[PDB]
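Trainee: To start, I am sharing the structure in question, which I have written as structure tokens.
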Amino acid sequence: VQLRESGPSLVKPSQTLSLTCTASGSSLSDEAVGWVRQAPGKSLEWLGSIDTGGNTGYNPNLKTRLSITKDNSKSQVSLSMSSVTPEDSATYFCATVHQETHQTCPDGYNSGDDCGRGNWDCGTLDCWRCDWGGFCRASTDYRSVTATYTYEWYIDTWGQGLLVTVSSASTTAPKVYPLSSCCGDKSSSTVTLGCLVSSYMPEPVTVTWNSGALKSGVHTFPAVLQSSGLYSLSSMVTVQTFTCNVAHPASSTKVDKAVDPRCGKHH
Amino acid sequence: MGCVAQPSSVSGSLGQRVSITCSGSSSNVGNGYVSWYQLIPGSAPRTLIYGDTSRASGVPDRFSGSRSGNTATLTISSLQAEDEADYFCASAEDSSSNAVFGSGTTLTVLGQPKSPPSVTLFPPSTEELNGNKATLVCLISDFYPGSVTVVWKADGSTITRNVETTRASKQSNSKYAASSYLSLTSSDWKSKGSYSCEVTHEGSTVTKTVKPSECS
Ligand code: NA
């Protein structure tokens, strides 16, 4: 299974956060689909899930603000969270979740229908032993107990996660400037080029080079955040034209910036 | 936020073993079916163990889980640099009511090769200078361990005003990256002979220099 989260990068405080998870891939089983988040610097937090019978379960701390629904026909599961605050800024992951009530027998007990040599009538017992001494040829000849229910949860497959920032600051598209080191390092065997993705809000941006034709030798660095609250980051490549492709989903803007070596000086 | 108690950090050397404990209560860990997850910077979270002891798809036998009552343990043997990550345990809480994660453990793998930083210094673009602004960008890559200090110079004077430097961030390879930005007026850029970014890592300094007489 592949899971892809979609939704807003920036949500106004006090509004409803709504995300969608789209499941794709070659098959699906009985797994529930759920949501987990992780705030920067903090631990993973369960949000909730929906299973194939339509049962929802929520983190009791968030139950009153959460709604998880699905649409089988679109292979989609949704999450809405009401009245968000900055404390809800996080990476949000959807995930397939194993959720299963197991029937467990105690130590020493059998559960199959192989009753043992010369024995029969063990099949309708959950958990049984033929331990009295002789053959067991009736259900009442076995030691027996009803199975105990034991509940298993775990996350099977995870999405990549979608960053969600809850802030009252405005969406701000980046200014993209071309970088070149050649006027400094004088190297002509290699050229090192880059793009400065200046002064934007919120995270993230995506950067590619030559529309994905140039991947090796690309290094996109983590953003710095100034006290002003705007982000800047840079991407470099070591090497024909070279163009950095900067997408900022939050502003519906894409810039493809030509990066010329510009090794010279104009006085 | 965290419910199950884990050590905030553990370390072991290359080729050796480390154990991470996960301490809960009768309501979570004590009910069994503990799972474990590995989070590495480039990647989605990866399930390692479920059912206390079972390895997930693609997980090698040097990852092993156990549990005794309210405490579960992940052991990682034959440690490799690629095992550096944050590890989290988890379980159902009050069965189908809830799930809870641990507080997380950062694993450091000791004995890795020291790697000095690569430094690239970019001058301001013509385009930014046309708005009377100048940003110098110093990009620092492929260093290990993950601690640098960055000094900016102009014509031999240390500059601290309007410098912003990132923390070191762990790359795709256990090595680290950082960046530093010096924000000037176009006026200030043109008024100096040279600017330098001086990066110190384990007692060794790499310096790159750009000159307004040669750049932008
Ligand atoms: Na049976």
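In the structure tokens, each chain is lettered A, B, ... as it comes, each chain's residues begin at 1, and ligands are numbered from 1 in order of appearance.
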With 8 Å as the limit and counting only C-alpha atoms, what residues in chain B lie close to chain A? Please list them as a PyMOL selection string.
Mentor: chain B and resi 1-2+31-35+43-47+50-51+90-92+95-104+120-125+127-128+139+164-166+169+177-179+209-211+213-216
Trainee: Find the residues near ligand 1. Use a cut-off of 7 Å, count only C-alpha atoms and all ligand atoms, and write them as a short mmCIF file (atom, residue, chain, number, x, y, z; two decimals) with N, CA, C and O atoms, in the first residue's frame.
Mentor:
```cif
data_model
loop_
_atom_site.label_atom_id
_atom_site.label_comp_id
_atom_site.auth_asym_id
_atom_site.auth_seq_id
_atom_site.Cartn_x
_atom_site.Cartn_y
_atom_site.Cartn_z
N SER A 111 -5.66 -25.43 21.07
CA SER A 111 -6.85 -24.84 20.46
C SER A 111 -7.28 -25.53 19.16
O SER A 111 -8.34 -25.21 18.61
N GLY A 112 -6.46 -26.44 18.62
CA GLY A 112 -6.82 -27.02 17.32
C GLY A 112 -7.90 -28.08 17.47
O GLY A 112 -8.43 -28.28 18.56
N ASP A 113 -8.18 -28.81 16.38
CA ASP A 113 -9.10 -29.94 16.43
C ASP A 113 -8.33 -31.26 16.32
O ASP A 113 -8.93 -32.29 16.03
N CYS A 122 -12.98 -32.55 21.14
CA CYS A 122 -12.28 -31.36 21.62
C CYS A 122 -12.62 -30.12 20.79
O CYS A 122 -12.35 -29.01 21.25
N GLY A 123 -13.20 -30.32 19.58
CA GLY A 123 -13.35 -29.26 18.59
C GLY A 123 -14.21 -28.06 19.03
O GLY A 123 -13.91 -26.94 18.59
N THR A 124 -15.22 -28.25 19.90
CA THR A 124 -16.12 -27.15 20.28
C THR A 124 -15.62 -26.38 21.51
O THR A 124 -16.24 -25.40 21.94
N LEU A 125 -14.47 -26.79 22.05
CA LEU A 125 -13.85 -26.09 23.16
C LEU A 125 -12.92 -25.00 22.62
O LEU A 125 -12.18 -25.26 21.69
N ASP A 126 -12.89 -23.79 23.22
CA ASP A 126 -11.92 -22.77 22.78
C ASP A 126 -10.47 -23.23 23.01
O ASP A 126 -9.60 -23.13 22.14
N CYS A 127 -10.22 -23.66 24.24
CA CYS A 127 -8.93 -23.97 24.81
C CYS A 127 -9.06 -25.22 25.65
O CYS A 127 -9.94 -25.27 26.52
#
```
Trainee: In Å, rounded to a single decimal, give me how far atom CA of residue A:259 is from atom CA of residue A:199.
Mentor: 19.0 Å
Trainee: I'd like to know which residues of stretch 45-213 of chain B are helix (DSSP H, G or I) (by DSSP, run on the backbone); could you write them as a PyMOL selection string?
Mentor: chain B and resi 81-83+95-97+126-129+186-190
Trainee: I need the residues of chain B that end up classed as strand (DSSP E or B) by DSSP on the backbone, written out as a compact mmCIF listing (two decimals) with N, CA, C and O atoms, in the first residue's frame.
Mentor:
```
# COMPACT_ATOMS: atom_id res chain seq x y z
N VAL B 4 4.77 6.37 27.14
CA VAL B 4 5.66 5.27 27.58
C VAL B 4 7.06 5.87 27.82
O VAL B 4 7.47 6.72 27.08
N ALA B 5 7.79 5.40 28.86
CA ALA B 5 9.04 6.03 29.24
C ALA B 5 10.22 5.32 28.57
O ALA B 5 10.41 4.13 28.78
N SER B 9 18.44 9.15 25.21
CA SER B 9 19.54 8.82 24.31
C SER B 9 20.19 7.52 24.73
O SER B 9 20.32 7.27 25.91
N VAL B 10 20.66 6.78 23.71
CA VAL B 10 21.55 5.65 23.92
C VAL B 10 22.64 5.72 22.87
O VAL B 10 22.48 6.36 21.84
N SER B 11 23.79 5.09 23.18
CA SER B 11 24.88 4.96 22.24
C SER B 11 25.46 3.56 22.30
O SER B 11 25.40 2.86 23.32
N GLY B 12 26.03 3.17 21.16
CA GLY B 12 26.86 1.97 21.10
C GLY B 12 27.87 2.16 19.98
O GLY B 12 27.67 3.03 19.15
N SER B 13 28.96 1.38 19.98
CA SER B 13 29.95 1.48 18.93
C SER B 13 29.56 0.65 17.70
O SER B 13 28.83 -0.32 17.81
N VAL B 18 23.06 -2.38 21.32
CA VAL B 18 22.47 -1.48 22.30
C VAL B 18 21.03 -1.94 22.58
O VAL B 18 20.46 -2.63 21.76
N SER B 19 20.53 -1.66 23.77
CA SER B 19 19.15 -1.97 24.16
C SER B 19 18.44 -0.68 24.54
O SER B 19 19.06 0.20 25.15
N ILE B 20 17.16 -0.58 24.12
CA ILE B 20 16.31 0.55 24.45
C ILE B 20 15.10 0.04 25.24
O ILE B 20 14.31 -0.76 24.74
N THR B 21 14.90 0.55 26.46
CA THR B 21 13.74 0.09 27.21
C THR B 21 12.56 1.04 27.01
O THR B 21 12.71 2.16 26.58
N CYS B 22 11.40 0.47 27.30
CA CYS B 22 10.11 1.11 27.11
C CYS B 22 9.22 0.69 28.28
O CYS B 22 8.76 -0.44 28.33
N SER B 23 9.07 1.59 29.25
CA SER B 23 8.42 1.33 30.51
C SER B 23 7.02 1.92 30.51
O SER B 23 6.86 3.13 30.31
N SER B 35 4.82 -2.53 19.86
CA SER B 35 5.47 -2.27 18.62
C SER B 35 6.58 -1.24 18.76
O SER B 35 6.66 -0.49 19.72
N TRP B 36 7.44 -1.21 17.75
CA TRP B 36 8.57 -0.31 17.69
C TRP B 36 8.73 0.27 16.30
O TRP B 36 8.54 -0.45 15.33
N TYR B 37 9.18 1.54 16.24
CA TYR B 37 9.27 2.33 15.03
C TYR B 37 10.61 3.06 14.99
O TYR B 37 11.13 3.56 16.01
N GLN B 38 11.15 3.13 13.78
CA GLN B 38 12.38 3.85 13.48
C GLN B 38 12.12 5.08 12.60
O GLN B 38 11.45 4.97 11.59
N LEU B 39 12.56 6.27 13.04
CA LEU B 39 12.38 7.49 12.27
C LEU B 39 13.75 8.07 11.94
O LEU B 39 14.46 8.47 12.84
N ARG B 46 9.19 3.89 9.92
CA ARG B 46 9.28 2.50 9.52
C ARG B 46 8.96 1.62 10.72
O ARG B 46 9.60 1.77 11.77
N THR B 47 7.98 0.73 10.58
CA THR B 47 7.68 -0.25 11.61
C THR B 47 8.78 -1.31 11.64
O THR B 47 9.13 -1.89 10.62
N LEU B 48 9.32 -1.56 12.84
CA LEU B 48 10.38 -2.55 13.02
C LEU B 48 9.88 -3.85 13.63
O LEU B 48 10.19 -4.91 13.11
N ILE B 49 9.12 -3.75 14.73
CA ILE B 49 8.66 -4.87 15.52
C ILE B 49 7.18 -4.65 15.83
O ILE B 49 6.76 -3.53 16.07
N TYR B 50 6.43 -5.75 15.90
CA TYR B 50 5.07 -5.77 16.41
C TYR B 50 4.90 -7.06 17.19
O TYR B 50 5.70 -7.99 17.10
N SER B 54 7.89 -9.85 16.96
CA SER B 54 7.84 -10.22 15.53
C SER B 54 8.47 -9.11 14.71
O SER B 54 8.19 -7.97 14.95
N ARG B 55 9.34 -9.42 13.75
CA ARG B 55 9.94 -8.44 12.88
C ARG B 55 9.01 -8.18 11.70
O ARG B 55 8.41 -9.08 11.14
N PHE B 63 17.57 -6.77 14.66
CA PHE B 63 16.59 -6.06 15.49
C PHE B 63 15.76 -7.10 16.22
O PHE B 63 15.20 -7.97 15.58
N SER B 64 15.73 -7.05 17.56
CA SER B 64 14.97 -8.00 18.35
C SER B 64 14.23 -7.26 19.46
O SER B 64 14.71 -6.31 20.04
N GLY B 65 13.04 -7.75 19.73
CA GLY B 65 12.17 -7.22 20.77
C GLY B 65 11.89 -8.28 21.83
O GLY B 65 11.89 -9.49 21.55
N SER B 66 11.66 -7.80 23.04
CA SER B 66 11.21 -8.64 24.13
C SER B 66 10.32 -7.81 25.05
O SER B 66 10.27 -6.58 24.98
N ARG B 67 9.66 -8.51 25.95
CA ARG B 67 8.86 -7.87 26.98
C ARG B 67 8.82 -8.75 28.21
O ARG B 67 8.67 -9.95 28.13
N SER B 68 8.95 -8.09 29.36
CA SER B 68 8.63 -8.62 30.66
C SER B 68 7.68 -7.71 31.44
O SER B 68 8.05 -6.62 31.83
N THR B 71 7.48 -3.72 30.99
CA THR B 71 8.64 -3.18 30.30
C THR B 71 8.94 -3.97 29.04
O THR B 71 9.18 -5.16 29.12
N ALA B 72 9.10 -3.26 27.92
CA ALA B 72 9.54 -3.86 26.67
C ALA B 72 10.93 -3.33 26.33
O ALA B 72 11.32 -2.24 26.79
N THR B 73 11.68 -4.12 25.54
CA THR B 73 13.05 -3.79 25.16
C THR B 73 13.25 -4.06 23.67
O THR B 73 12.90 -5.15 23.17
N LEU B 74 13.84 -3.08 22.98
CA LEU B 74 14.38 -3.29 21.65
C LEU B 74 15.90 -3.38 21.73
O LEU B 74 16.54 -2.47 22.27
N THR B 75 16.43 -4.45 21.12
CA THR B 75 17.87 -4.60 21.05
C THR B 75 18.29 -4.54 19.59
O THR B 75 17.69 -5.19 18.74
N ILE B 76 19.34 -3.77 19.33
CA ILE B 76 19.90 -3.65 17.99
C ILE B 76 21.33 -4.14 18.07
O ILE B 76 22.13 -3.51 18.76
N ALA B 85 18.99 7.08 14.42
CA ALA B 85 17.57 7.35 14.23
C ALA B 85 16.96 7.60 15.59
O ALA B 85 17.64 7.46 16.62
N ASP B 86 15.70 8.06 15.58
CA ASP B 86 14.85 8.10 16.76
C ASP B 86 13.98 6.84 16.73
O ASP B 86 13.44 6.51 15.69
N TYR B 87 13.95 6.12 17.87
CA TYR B 87 13.20 4.89 18.03
C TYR B 87 12.08 5.15 18.99
O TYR B 87 12.32 5.73 20.05
N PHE B 88 10.88 4.66 18.65
CA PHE B 88 9.72 4.83 19.49
C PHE B 88 9.04 3.50 19.71
O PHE B 88 8.82 2.75 18.78
N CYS B 89 8.72 3.19 20.95
CA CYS B 89 7.82 2.09 21.22
C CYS B 89 6.37 2.60 21.26
O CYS B 89 6.14 3.81 21.23
N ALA B 90 5.44 1.66 21.25
CA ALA B 90 4.01 1.99 21.32
C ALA B 90 3.22 0.76 21.71
O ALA B 90 3.66 -0.39 21.56
N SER B 91 1.98 1.00 22.16
CA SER B 91 1.02 -0.05 22.35
C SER B 91 -0.39 0.51 22.41
O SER B 91 -0.58 1.68 22.62
N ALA B 92 -1.35 -0.39 22.30
CA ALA B 92 -2.75 -0.09 22.65
C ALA B 92 -2.81 0.33 24.11
O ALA B 92 -2.07 -0.20 24.94
N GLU B 93 -3.69 1.27 24.42
CA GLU B 93 -3.97 1.73 25.76
C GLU B 93 -5.44 1.43 26.03
O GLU B 93 -6.31 1.94 25.30
N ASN B 98 -7.45 3.51 22.83
CA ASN B 98 -6.41 4.48 22.55
C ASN B 98 -5.12 3.74 22.15
O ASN B 98 -5.02 2.53 22.22
N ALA B 99 -4.21 4.49 21.56
CA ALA B 99 -2.84 4.04 21.43
C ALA B 99 -1.90 5.10 21.97
O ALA B 99 -2.14 6.28 21.80
N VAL B 100 -0.77 4.62 22.53
CA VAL B 100 0.20 5.52 23.15
C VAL B 100 1.59 5.17 22.64
O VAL B 100 1.89 4.00 22.39
N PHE B 101 2.38 6.23 22.45
CA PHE B 101 3.77 6.11 22.04
C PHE B 101 4.68 6.41 23.21
O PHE B 101 4.31 7.08 24.18
N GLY B 102 5.92 5.93 23.05
CA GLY B 102 6.95 6.32 23.98
C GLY B 102 7.52 7.69 23.68
O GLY B 102 7.23 8.36 22.68
N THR B 105 13.80 7.63 21.74
CA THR B 105 15.20 7.50 22.04
C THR B 105 16.02 7.80 20.79
O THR B 105 15.84 7.16 19.74
N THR B 106 16.97 8.74 20.92
CA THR B 106 17.94 8.99 19.84
C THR B 106 19.15 8.08 20.02
O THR B 106 19.77 8.09 21.06
N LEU B 107 19.41 7.27 19.00
CA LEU B 107 20.58 6.40 18.99
C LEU B 107 21.74 7.07 18.28
O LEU B 107 21.61 7.47 17.13
N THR B 108 22.91 7.14 18.97
CA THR B 108 24.19 7.52 18.39
C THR B 108 25.04 6.26 18.23
O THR B 108 25.14 5.47 19.19
N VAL B 109 25.63 6.10 17.03
CA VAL B 109 26.57 5.04 16.75
C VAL B 109 27.99 5.63 16.77
O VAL B 109 28.34 6.47 15.92
N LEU B 110 28.76 5.17 17.80
CA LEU B 110 30.13 5.63 18.07
C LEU B 110 31.13 4.95 17.14
O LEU B 110 30.88 3.87 16.63
N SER B 115 34.65 13.39 9.50
CA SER B 115 34.54 13.90 8.14
C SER B 115 34.54 15.42 8.19
O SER B 115 33.62 15.98 8.76
N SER B 118 32.63 20.34 3.84
CA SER B 118 32.71 21.04 2.57
C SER B 118 31.99 22.38 2.74
O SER B 118 30.86 22.41 3.26
N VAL B 119 32.63 23.46 2.30
CA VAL B 119 32.09 24.80 2.40
C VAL B 119 31.99 25.45 1.02
O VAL B 119 32.94 25.49 0.27
N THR B 120 30.80 26.00 0.76
CA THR B 120 30.55 26.80 -0.44
C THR B 120 30.03 28.15 0.03
O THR B 120 29.06 28.18 0.78
N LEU B 121 30.67 29.21 -0.46
CA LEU B 121 30.22 30.57 -0.21
C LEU B 121 29.73 31.19 -1.51
O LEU B 121 30.46 31.33 -2.46
N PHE B 122 28.46 31.66 -1.48
CA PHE B 122 27.85 32.36 -2.62
C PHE B 122 27.71 33.84 -2.29
O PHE B 122 27.26 34.21 -1.18
N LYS B 133 19.55 45.02 -1.41
CA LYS B 133 19.79 44.02 -0.39
C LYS B 133 20.91 43.11 -0.89
O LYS B 133 21.07 42.94 -2.10
N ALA B 134 21.63 42.48 0.04
CA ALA B 134 22.65 41.52 -0.32
C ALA B 134 22.71 40.45 0.77
O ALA B 134 22.97 40.75 1.92
N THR B 135 22.48 39.21 0.36
CA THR B 135 22.60 38.06 1.24
C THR B 135 23.78 37.21 0.79
O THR B 135 23.86 36.79 -0.37
N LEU B 136 24.72 36.99 1.72
CA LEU B 136 25.79 36.02 1.50
C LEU B 136 25.39 34.69 2.12
O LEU B 136 24.80 34.65 3.17
N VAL B 137 25.56 33.60 1.36
CA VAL B 137 25.11 32.28 1.77
C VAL B 137 26.32 31.36 1.92
O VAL B 137 27.00 31.11 0.93
N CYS B 138 26.47 30.78 3.11
CA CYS B 138 27.53 29.81 3.35
C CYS B 138 26.91 28.46 3.65
O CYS B 138 26.20 28.29 4.67
N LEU B 139 27.15 27.51 2.73
CA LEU B 139 26.56 26.17 2.79
C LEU B 139 27.66 25.16 3.18
O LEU B 139 28.76 25.16 2.63
N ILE B 140 27.34 24.35 4.18
CA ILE B 140 28.30 23.52 4.90
C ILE B 140 27.75 22.10 4.93
O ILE B 140 26.70 21.85 5.53
N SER B 141 28.51 21.16 4.33
CA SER B 141 27.97 19.82 4.10
C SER B 141 28.96 18.72 4.44
O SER B 141 30.16 18.94 4.49
N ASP B 142 28.42 17.52 4.64
CA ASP B 142 29.21 16.29 4.73
C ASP B 142 30.15 16.25 5.93
O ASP B 142 31.26 15.73 5.82
N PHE B 143 29.75 16.85 7.04
CA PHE B 143 30.60 16.83 8.22
C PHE B 143 30.08 15.86 9.28
O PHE B 143 28.87 15.60 9.42
N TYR B 144 31.07 15.30 10.01
CA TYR B 144 30.80 14.38 11.10
C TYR B 144 31.98 14.45 12.07
O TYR B 144 33.12 14.36 11.63
N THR B 149 31.22 25.52 14.11
CA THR B 149 31.06 26.93 14.45
C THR B 149 31.43 27.77 13.24
O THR B 149 32.38 27.50 12.51
N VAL B 150 30.64 28.82 13.02
CA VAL B 150 30.75 29.64 11.82
C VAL B 150 31.05 31.07 12.24
O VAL B 150 30.36 31.62 13.11
N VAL B 151 32.11 31.62 11.63
CA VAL B 151 32.49 32.99 11.84
C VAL B 151 32.47 33.70 10.50
O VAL B 151 33.00 33.18 9.54
N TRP B 152 31.93 34.93 10.47
CA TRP B 152 31.97 35.76 9.29
C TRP B 152 32.99 36.90 9.45
O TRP B 152 33.11 37.48 10.51
N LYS B 153 33.72 37.20 8.38
CA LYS B 153 34.70 38.25 8.35
C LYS B 153 34.40 39.19 7.19
O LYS B 153 33.96 38.76 6.11
N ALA B 154 34.74 40.48 7.42
CA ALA B 154 34.81 41.50 6.38
C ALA B 154 36.08 42.30 6.60
O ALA B 154 36.23 42.91 7.65
N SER B 157 37.64 41.99 9.97
CA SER B 157 36.85 42.20 11.18
C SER B 157 35.83 41.09 11.31
O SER B 157 35.18 40.75 10.34
N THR B 158 35.72 40.50 12.49
CA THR B 158 34.66 39.56 12.77
C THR B 158 33.34 40.33 12.79
O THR B 158 33.18 41.36 13.46
N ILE B 159 32.36 39.77 12.08
CA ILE B 159 31.00 40.29 11.96
C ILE B 159 30.06 39.35 12.71
O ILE B 159 30.05 38.14 12.39
N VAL B 163 23.78 37.97 11.16
CA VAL B 163 24.11 36.58 10.84
C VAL B 163 23.05 35.66 11.42
O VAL B 163 22.65 35.81 12.59
N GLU B 164 22.58 34.73 10.60
CA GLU B 164 21.67 33.67 11.02
C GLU B 164 22.28 32.33 10.63
O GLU B 164 22.57 32.14 9.45
N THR B 165 22.46 31.43 11.60
CA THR B 165 23.11 30.14 11.35
C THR B 165 22.17 29.02 11.81
O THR B 165 21.61 29.11 12.90
N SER B 169 21.95 19.58 10.93
CA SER B 169 20.90 18.63 10.64
C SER B 169 21.48 17.36 10.02
O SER B 169 22.27 17.40 9.08
N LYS B 170 21.05 16.22 10.56
CA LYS B 170 21.59 14.94 10.15
C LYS B 170 21.09 14.56 8.76
O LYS B 170 19.89 14.52 8.53
N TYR B 176 26.26 15.50 8.45
CA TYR B 176 25.48 16.67 8.82
C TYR B 176 25.67 17.82 7.83
O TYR B 176 26.65 17.89 7.09
N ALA B 177 24.64 18.69 7.83
CA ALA B 177 24.64 19.90 7.02
C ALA B 177 24.23 21.05 7.90
O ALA B 177 23.52 20.83 8.88
N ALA B 178 24.66 22.25 7.49
CA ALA B 178 24.25 23.49 8.13
C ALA B 178 24.37 24.60 7.12
O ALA B 178 25.08 24.50 6.15
N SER B 179 23.75 25.74 7.42
CA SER B 179 23.89 26.87 6.55
C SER B 179 24.00 28.12 7.42
O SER B 179 23.49 28.15 8.54
N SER B 180 24.63 29.15 6.87
CA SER B 180 24.71 30.42 7.55
C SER B 180 24.52 31.55 6.52
O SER B 180 25.00 31.46 5.37
N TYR B 181 23.78 32.57 6.93
CA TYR B 181 23.38 33.70 6.09
C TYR B 181 23.82 35.02 6.70
O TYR B 181 23.62 35.22 7.89
N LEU B 182 24.46 35.86 5.90
CA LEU B 182 24.83 37.19 6.33
C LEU B 182 24.04 38.18 5.47
O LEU B 182 24.22 38.19 4.27
N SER B 183 23.19 38.98 6.12
CA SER B 183 22.26 39.90 5.46
C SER B 183 22.85 41.31 5.54
O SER B 183 23.13 41.80 6.63
N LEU B 184 23.13 41.89 4.38
CA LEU B 184 23.73 43.21 4.27
C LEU B 184 22.82 44.10 3.42
O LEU B 184 21.98 43.61 2.70
N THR B 185 23.07 45.41 3.49
CA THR B 185 22.64 46.33 2.46
C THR B 185 23.57 46.19 1.25
O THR B 185 24.70 45.74 1.38
N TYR B 195 34.80 39.35 1.91
CA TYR B 195 34.01 38.74 2.96
C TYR B 195 34.38 37.26 3.03
O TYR B 195 34.62 36.64 1.99
N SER B 196 34.41 36.71 4.23
CA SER B 196 34.75 35.29 4.37
C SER B 196 33.78 34.62 5.33
O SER B 196 33.28 35.22 6.30
N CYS B 197 33.55 33.35 5.07
CA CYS B 197 32.92 32.40 5.95
C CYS B 197 33.98 31.41 6.41
O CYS B 197 34.53 30.70 5.60
N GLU B 198 34.18 31.36 7.71
CA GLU B 198 35.19 30.54 8.37
C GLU B 198 34.44 29.47 9.18
O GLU B 198 33.76 29.78 10.13
N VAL B 199 34.60 28.21 8.82
CA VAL B 199 33.87 27.14 9.44
C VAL B 199 34.88 26.26 10.22
O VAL B 199 35.75 25.66 9.60
N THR B 200 34.68 26.15 11.53
CA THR B 200 35.52 25.32 12.37
C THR B 200 34.79 24.04 12.76
O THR B 200 33.62 24.05 13.12
N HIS B 201 35.51 22.93 12.65
CA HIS B 201 34.99 21.60 12.91
C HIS B 201 36.14 20.77 13.49
O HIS B 201 37.18 20.65 12.84
N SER B 204 39.70 22.22 13.25
CA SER B 204 40.18 22.57 11.92
C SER B 204 39.23 23.56 11.27
O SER B 204 38.02 23.39 11.44
N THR B 205 39.81 24.55 10.58
CA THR B 205 39.02 25.61 9.97
C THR B 205 39.12 25.58 8.45
O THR B 205 40.20 25.47 7.89
N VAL B 206 37.95 25.66 7.79
CA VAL B 206 37.89 25.86 6.35
C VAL B 206 37.32 27.24 6.10
O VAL B 206 36.26 27.54 6.62
N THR B 207 38.01 28.04 5.30
CA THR B 207 37.60 29.42 5.00
C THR B 207 37.39 29.60 3.50
O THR B 207 38.22 29.24 2.71
N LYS B 208 36.25 30.18 3.13
CA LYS B 208 35.98 30.61 1.77
C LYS B 208 35.76 32.12 1.79
O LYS B 208 35.23 32.65 2.77
N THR B 209 36.12 32.76 0.68
CA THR B 209 36.17 34.20 0.55
C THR B 209 35.56 34.56 -0.79
O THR B 209 35.77 33.83 -1.78
N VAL B 210 34.80 35.66 -0.77
CA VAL B 210 34.32 36.30 -1.99
C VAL B 210 34.66 37.79 -1.91
O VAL B 210 34.73 38.37 -0.84
```
Trainee: Rounded to one decimal place, report the atom CA of residue A:35-atom CA of residue A:16 distance in Å.
Mentor: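 A separation of 16.0 Å between them.
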Trainee: Using only C-alpha atoms, which of A:258, A:166, A:1, A:79 sits nearest residue A:13?
Mentor: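 Closest candidate: A:166.
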Trainee: Which of these residues is nearest to residue B:79, using only C-alpha atoms: B:117, B:24, B:15, B:30?
Mentor: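 Answer, going by the shortest atom-to-atom distance: B:15.
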Trainee: What's around residue A:148 at 8 Å? Count only C-alpha atoms, leave out sequence neighbours fewer than 4 positions away in its own chain, and write the answer as a VMD selection string.
Mentor: chain A and resid 102 to 105
